[PDB]
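Student: Would you mind keeping the following structure in view while I ask a few things?
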There are 4 protein chains.
Amino acid sequence: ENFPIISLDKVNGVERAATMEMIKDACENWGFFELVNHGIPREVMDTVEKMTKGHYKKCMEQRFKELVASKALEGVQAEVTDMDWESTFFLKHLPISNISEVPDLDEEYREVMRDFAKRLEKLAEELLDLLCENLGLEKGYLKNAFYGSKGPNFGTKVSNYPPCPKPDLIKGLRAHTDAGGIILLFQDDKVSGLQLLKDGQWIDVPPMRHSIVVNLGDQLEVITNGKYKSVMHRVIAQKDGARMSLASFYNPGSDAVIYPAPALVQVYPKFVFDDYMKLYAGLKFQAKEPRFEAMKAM
Amino acid sequence: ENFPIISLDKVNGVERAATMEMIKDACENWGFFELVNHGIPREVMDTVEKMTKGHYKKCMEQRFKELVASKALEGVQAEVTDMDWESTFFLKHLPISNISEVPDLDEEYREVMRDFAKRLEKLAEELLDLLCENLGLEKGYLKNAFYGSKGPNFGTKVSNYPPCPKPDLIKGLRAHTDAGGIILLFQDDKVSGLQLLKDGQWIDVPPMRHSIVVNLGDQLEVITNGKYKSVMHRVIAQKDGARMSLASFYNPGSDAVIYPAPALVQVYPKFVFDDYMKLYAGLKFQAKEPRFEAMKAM
Amino acid sequence: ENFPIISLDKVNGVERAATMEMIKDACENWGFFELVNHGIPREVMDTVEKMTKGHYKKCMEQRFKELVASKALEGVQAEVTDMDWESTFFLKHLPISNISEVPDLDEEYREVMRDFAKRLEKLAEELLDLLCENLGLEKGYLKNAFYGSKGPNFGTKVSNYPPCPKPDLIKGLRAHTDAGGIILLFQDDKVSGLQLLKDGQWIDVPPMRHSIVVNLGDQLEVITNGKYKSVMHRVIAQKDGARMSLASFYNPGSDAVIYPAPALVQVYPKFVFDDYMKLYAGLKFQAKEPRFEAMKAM
Amino acid sequence: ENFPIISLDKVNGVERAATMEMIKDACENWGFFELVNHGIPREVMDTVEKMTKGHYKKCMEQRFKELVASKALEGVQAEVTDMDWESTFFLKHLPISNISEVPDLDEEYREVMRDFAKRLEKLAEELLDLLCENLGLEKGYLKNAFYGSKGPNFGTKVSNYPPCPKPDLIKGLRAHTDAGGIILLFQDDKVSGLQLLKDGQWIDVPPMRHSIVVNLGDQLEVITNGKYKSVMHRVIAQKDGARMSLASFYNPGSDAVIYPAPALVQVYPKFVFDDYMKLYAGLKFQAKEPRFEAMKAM
């Protein structure tokens, strides 16, 4: 039925009508959609890509130096094949940007990301609004829902990785859905290795240049009372290309209260986003009582 | 009201009547009780203590060697105050003893623990039976309940630690109850630093020589439909003495099905012990559906 | 001038004369040589390859399970691209085989490696003898030199790795020579990614099927008073193939005394192999005196 | 013969004569000396102590939270006796203060340390000058010797630790000398647990309130051509008191060139301080050639 690839700028022209419905359709039947002409200068994306990869290589050169020294201590000879090429770090943008405080980063690099973080936040809120429109909600409803008190939690995960040694290794690998609100993914190359589960079958995200892959989390499923479901996915390092990935998450504020939009209404539960994340980090059952309640439910 | 200290061998004499009731009382109003004349030769306990501490010192000497080498690599000077004196490892006894396969242990040491593991299993099952008797259940009911299919999970946690640098550090330290069945704790010296919460207040476990501190877990609370509750506790390294601790856990088998004894009957839930431990290791919510159910409950 | 690829079985025929000289030439002008028809049943190699890769995949499946759980704790979502695909463990064969005690290994796997370890030890000693012959030394001279008192240290490093994310990352990566005696390397596929430095330039080891790449360490350079020099190398995971590697090291015994064969004689130093390895693990300068001597030398 | 305890302010009075000679004597026959009335306001020391301990407790509360969560994942119950109470971090002051960039520190705390770092640098340079005077060198000779090009390396190691579980554990624990220039140690309580080796026997550093323990490194031994030797020491956490320690090191600049003062002149070697530290971090023998030279020396 074809993965929805969408040109954002068309929501400013005569085709808006058709474009707005690709979004609606993608939202209800895919949980994902790939964006192009999304507004982020191909200039900025390239600069973000070149600088990220640079920081990475510097970390790796330093990582091998340490590896050799550490291995020697144990009378072992460190080879390059002993290297751990995986490296990931996060950047908080909202409600508080720790970008100025993240370790070993160039100031020119910090400013690039400071700006990218701002452009993505803007793109995130436009998409949220276009969703409201397709949903029949007032403008900024979702942005408001996510506000809580201090505002929404926007951050970026920056990963660098080698390819998976052999595809068969990704066999029993569990899949999942994102617990947050809306996710904006930016990758290098054309082929990500990202796949979503549609109708019990795995579907590849079409390789596009300078695209931003967008996907909905569990919070939007609750807020839409099921209209838009969060889909299961997995990214698998392709010997092909994609070896860098910047996954930015735009989630509700810690204290935000999630519940199906009254107008959008079985019914979904109401709750503080934070309880949902604690139900996640298993911090909800270190107590006897809850456990006894959990078992009583089943 | 005084912490119950009990002499096990008295269940073989005229005083059995009174001793059996200290157990009943301890079970319903303390969740804990300290044992003496429990049947384990003061000989065996001492030998277990001397050998454990020996293994520990050897590990520590090796740990400092590594520390100096590791620190030097970073152009740092390792001092003895940089040492990590905490060391803990487990030994599985039932249903399968990995004692013959636990790393860096003397064979003479492995056999001491093999024997101690057997004596404790025996002590564990006698206590379970005395509990049945006080509970009005048939002999071996609890042992049977814990059997599952392959049998109960009996293992020993062996810890060695320095004292807490300053008591005030143990301020906001969360307390807890044991999720398993019955716990048998063996320590060195006289003062453990172990405390239980009785009536909103912290109570110290009386310092006894060669005692075995016994405490009930959540599983026995379920099986007894509340008659015996699992109490909250914490052990705090005393500058005083106790620096070694062997906590042996006698828990239901993985697949065992727990539920209030029909004769012992709000009502407690029925369930596989394994689901309870997964509800523990937070492996129960990596899926969207469950999360939505959890939030719906609250 | 072409990398020396050699067929061992020809040392049993009329061509022995020419084969023996490929070895001589490889020993003096390459420090490396690739072996085929070396005596290890293509059967054994394949079985060793299939079982190693199997153990690896099992470890990886378990590693991702842990990754997801660990990441969730920090409210992070573990993706497959977050995986660390590198895994290496050692097996001691001589003078004492810990193969029966290496963690999480199939017994059928342990026996395969027990046998492979024996075949390689045999191949290692034949090569040592052929070297003696080309060197003009008595048979078993080198094997004897390596004996020390308890015998030589033979072990196997078993590594599994993904490919290097991008070749340019292997830029400033230091190269090195092996400090031991003789090294026997067995890999999967055809292309290893292994390179040696010949005349200031990097040379690839020819891709061969079921070959055993052999290379000399510093100890043989000393023993030969320079006749045979230990060459600098590096292995770089190829997107191509090689993703498994079993590097077996046949080094002198701990207490062995190394020195240029009297008949093979600037002159090389005499010393206990162990001091050489401690000069390696930097355990030789944690003392003031030595440091002052070291600086005085320079 | 009594450990030299010295009152610095007396170098400003009639007793200067006698005080200056306690320093001379301490320098030649102890390698250590304890300071009081050293110029750092008892006010500043207390504030530095109260704030350090506060940061520590916060880290520990957070460390136990993580411990419980991590242990639960493995179906293990984290007890307080499982805690790792040791925590150490460094602060660079010279030539570049990373104090403004050290993680999780209060700004009020960063400023306290910024000021303490300045007071200690001043105390460090006065002592260096008093040493010059006793040595017959011009004022600032040593400070100059340590300057290199960018200046000397001054930093502070901040450690917090529990007491050693049992004194006997500190048996075979290697001792050492400091490779740097001059060390200024500040501790809490009265009893440090610090000992120096004098005449083959261990000597305790006298417990003093608000003292600064000063000790000379290998660099000053070189610069003095043996006149002042760097002594072997070790600090052992006392169940008694000292549980906090701030060891500030005032070492020569990276590129500084060390050698016996011409006027102070077997003879000691000349060298760049950095080569001495690399001879330390074993980064000097990952190359074959050097190794062969090292073995040739012995």
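What you see of chain D is 2-266, 275-307, where the numbers are those given in Swiss-Prot.
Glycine is no exception: its Cβ is also placed from the backbone N, Cα and C atoms.
Found this in Swiss-Prot, in case it helps:
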{"type": "DOMAIN", "residues": "D:153-253", "note": "domain 'Fe2OG dioxygenase'"}
{"type": "BINDING", "residues": "D:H177, D:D179, D:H234", "note": "Fe cation binding site"}
Student: Counting Cβ atoms within 10 Å of each candidate's own Cβ, which of the binding-site residues D:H177, D:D179 comes out highest?
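Tutor: For the binding-site residues D:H177, D:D179, the Cβ with the most other Cβ atoms within 10 Å is D:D179.
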Student: When a 10 Å sphere is centred on the Cβ of D:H234 (Fe cation binding site), how many other Cβ atoms does it contain?
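Tutor: Cβ-Cβ neighbours of D:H234 (Fe cation binding site) within 10 Å number 22.
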Student: Since the deposited structure skips 8 residues after D:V266 and picks up again at D:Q275, how long is the Cα gap in Å?
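Tutor: Cα of D:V266 to Cα of D:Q275, across the missing 8: 9 Å.
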Student: Using DSSP, tally how many residues of the domain 'Fe2OG dioxygenase' (D:153-253) sit in helix, strand and coil.
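Tutor: Reading the DSSP string over the domain 'Fe2OG dioxygenase' (D:153-253) gives 10 helix, 40 strand, 51 coil.
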Student: Which of these binding-site residues, D:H177, D:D179, D:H234, are close to chain B by Cβ (under 8 Å)?
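Tutor: Answer, by Cβ distance to chain B: D:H177, D:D179.
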